[PDB]
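**Q** The structure's right below; bear with me while I get my questions together.
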Amino acid sequence: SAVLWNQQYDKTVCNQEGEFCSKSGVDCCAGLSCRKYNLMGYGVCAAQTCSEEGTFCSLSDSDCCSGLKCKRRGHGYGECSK
């Protein structure tokens with residue numbers, strides 16, 4: 001009754017968009033999201049689309065992630081803010 005070989009030993013490694021996420025609770029690399037597509041939720045990583053916090057955005061039309069508000073900073077231009 002020999003035990004199967006380990007899957008990995010090295011530190012927590014990430015993968016680029018396209019990789020699949022397990023139900024163990026794995027998270028894609030920085031700037032990646034396992035967009036759910038299947039019925040159970042066996043989607044794959046995908047580069048986020050929403051603007052990050054601090055990045056310049058359109059004050060006329062918010063385009064940041066959930067929890068970010070484009071605060072005018074300058075003269076007719078602002079960036080995302082928590």
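Letters for chains follow the order of the structure tokens (A, B, ...), residue numbers begin at 1 for each chain, and ligand numbers begin at 1 in the order shown.
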What's around segment 45-55 of chain A at 8 Å? Count only C-alpha atoms, leave out sequence neighbours fewer than 5 positions away in its own chain, and write the answer as a ChimeraX atom specification.

**A** /A:16-21,28,31-35,63-65,68,79-82

**Q** Go ahead and dump the residues you just picked, N, CA and C atoms, as a PDB file, in the first residue's frame.

**A**
ATOM      1  N   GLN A  16      -0.231  32.019 -14.384  1.00  0.00           N
ATOM      2  CA  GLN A  16      -0.816  33.082 -15.192  1.00  0.00           C
ATOM      3  C   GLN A  16      -2.253  32.747 -15.576  1.00  0.00           C
ATOM      4  N   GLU A  17      -2.938  33.708 -16.186  1.00  0.00           N
ATOM      5  CA  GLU A  17      -4.322  33.514 -16.603  1.00  0.00           C
ATOM      6  C   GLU A  17      -4.465  32.241 -17.432  1.00  0.00           C
ATOM      7  N   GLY A  18      -5.583  31.543 -17.246  1.00  0.00           N
ATOM      8  CA  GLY A  18      -5.821  30.317 -17.984  1.00  0.00           C
ATOM      9  C   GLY A  18      -5.806  29.091 -17.092  1.00  0.00           C
ATOM     10  N   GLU A  19      -5.018  29.148 -16.023  1.00  0.00           N
ATOM     11  CA  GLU A  19      -4.915  28.033 -15.090  1.00  0.00           C
ATOM     12  C   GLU A  19      -6.245  27.790 -14.383  1.00  0.00           C
ATOM     13  N   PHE A  20      -6.437  26.568 -13.898  1.00  0.00           N
ATOM     14  CA  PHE A  20      -7.667  26.205 -13.203  1.00  0.00           C
ATOM     15  C   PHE A  20      -7.477  26.275 -11.690  1.00  0.00           C
ATOM     16  N   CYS A  21      -8.569  26.522 -10.974  1.00  0.00           N
ATOM     17  CA  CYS A  21      -8.524  26.616  -9.520  1.00  0.00           C
ATOM     18  C   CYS A  21      -9.272  25.451  -8.877  1.00  0.00           C
ATOM     19  N   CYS A  28      -5.471  32.548  -7.634  1.00  0.00           N
ATOM     20  CA  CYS A  28      -4.620  32.835  -8.783  1.00  0.00           C
ATOM     21  C   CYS A  28      -3.553  33.866  -8.426  1.00  0.00           C
ATOM     22  N   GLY A  31      -3.390  39.676  -9.424  1.00  0.00           N
ATOM     23  CA  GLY A  31      -4.036  40.277 -10.576  1.00  0.00           C
ATOM     24  C   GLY A  31      -4.783  39.263 -11.420  1.00  0.00           C
ATOM     25  N   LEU A  32      -5.178  38.157 -10.799  1.00  0.00           N
ATOM     26  CA  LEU A  32      -5.904  37.104 -11.500  1.00  0.00           C
ATOM     27  C   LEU A  32      -7.108  36.638 -10.689  1.00  0.00           C
ATOM     28  N   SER A  33      -8.189  36.298 -11.384  1.00  0.00           N
ATOM     29  CA  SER A  33      -9.407  35.838 -10.728  1.00  0.00           C
ATOM     30  C   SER A  33      -9.988  34.626 -11.451  1.00  0.00           C
ATOM     31  N   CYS A  34     -10.315  33.589 -10.686  1.00  0.00           N
ATOM     32  CA  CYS A  34     -10.879  32.371 -11.249  1.00  0.00           C
ATOM     33  C   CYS A  34     -12.342  32.573 -11.632  1.00  0.00           C
ATOM     34  N   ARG A  35     -12.569  33.317 -12.710  1.00  0.00           N
ATOM     35  CA  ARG A  35     -13.923  33.588 -13.180  1.00  0.00           C
ATOM     36  C   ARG A  35     -14.714  32.293 -13.334  1.00  0.00           C
ATOM     37  N   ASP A  63     -14.906  53.386 -12.758  1.00  0.00           N
ATOM     38  CA  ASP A  63     -14.495  52.160 -13.431  1.00  0.00           C
ATOM     39  C   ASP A  63     -13.520  51.365 -12.565  1.00  0.00           C
ATOM     40  N   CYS A  64     -13.715  51.429 -11.254  1.00  0.00           N
ATOM     41  CA  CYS A  64     -12.853  50.718 -10.316  1.00  0.00           C
ATOM     42  C   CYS A  64     -13.563  49.493  -9.747  1.00  0.00           C
ATOM     43  N   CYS A  65     -12.823  48.682  -8.997  1.00  0.00           N
ATOM     44  CA  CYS A  65     -13.379  47.478  -8.394  1.00  0.00           C
ATOM     45  C   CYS A  65     -14.415  47.830  -7.331  1.00  0.00           C
ATOM     46  N   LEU A  68     -14.279  51.030  -4.470  1.00  0.00           N
ATOM     47  CA  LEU A  68     -13.379  52.090  -4.907  1.00  0.00           C
ATOM     48  C   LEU A  68     -14.155  53.228  -5.562  1.00  0.00           C
ATOM     49  N   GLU A  79      -8.176  59.430  -9.273  1.00  0.00           N
ATOM     50  CA  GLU A  79      -7.850  58.010  -9.240  1.00  0.00           C
ATOM     51  C   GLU A  79      -8.753  57.267  -8.260  1.00  0.00           C
ATOM     52  N   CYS A  80      -8.722  55.941  -8.322  1.00  0.00           N
ATOM     53  CA  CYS A  80      -9.537  55.112  -7.442  1.00  0.00           C
ATOM     54  C   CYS A  80      -9.120  55.293  -5.986  1.00  0.00           C
ATOM     55  N   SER A  81     -10.097  55.254  -5.086  1.00  0.00           N
ATOM     56  CA  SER A  81      -9.832  55.416  -3.661  1.00  0.00           C
ATOM     57  C   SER A  81     -10.760  54.534  -2.832  1.00  0.00           C
ATOM     58  N   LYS A  82     -10.188  53.832  -1.861  1.00  0.00           N
ATOM     59  CA  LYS A  82     -10.962  52.951  -0.993  1.00  0.00           C
ATOM     60  C   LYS A  82     -11.983  53.744  -0.185  1.00  0.00           C
TER      61      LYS A  82
END

**Q** If you measure from atom CA of residue 15 of chain A to atom CA of residue 40 of chain A, what distance in Å do you get, rounded to one decimal?

**A**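 We find that atom CA of residue 15 of chain A and atom CA of residue 40 of chain A lie 21.4 Å from each other.
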
**Q** Using only C-alpha atoms, find the one residue out of A:71, A:13, A:76, A:42 that sits nearest to residue 30 of chain A.

**A**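 Result for the nearest residue to residue 30 of chain A: A:13.
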
**Q** What's the separation between atom CA of residue 38 of chain A and atom CA of residue 22 of chain A, in Å to one decimal place?

**A**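 That distance, rounded to one decimal, is 12.8 Å.
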
**Q** I need the strand (DSSP E) residues of chain A per DSSP on the backbone, written as a PyMOL selection string.

**A** chain A and resi 56-57+71-72+78-79

**Q** So the first atom is atom CA of residue 14 of chain A and the second is atom CA of residue 29 of chain A; what is the distance between them in Å, to one decimal place?

**A**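 Pair atom CA of residue 14 of chain A / atom CA of residue 29 of chain A returns 4.7 Å.
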
**Q** Find, counting only C-alpha atoms, the residue in A:23, A:6, A:62, A:69 that gets nearest to residue 43 of chain A.

**A**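 Distance minimum relative to residue 43 of chain A lands on A:23.
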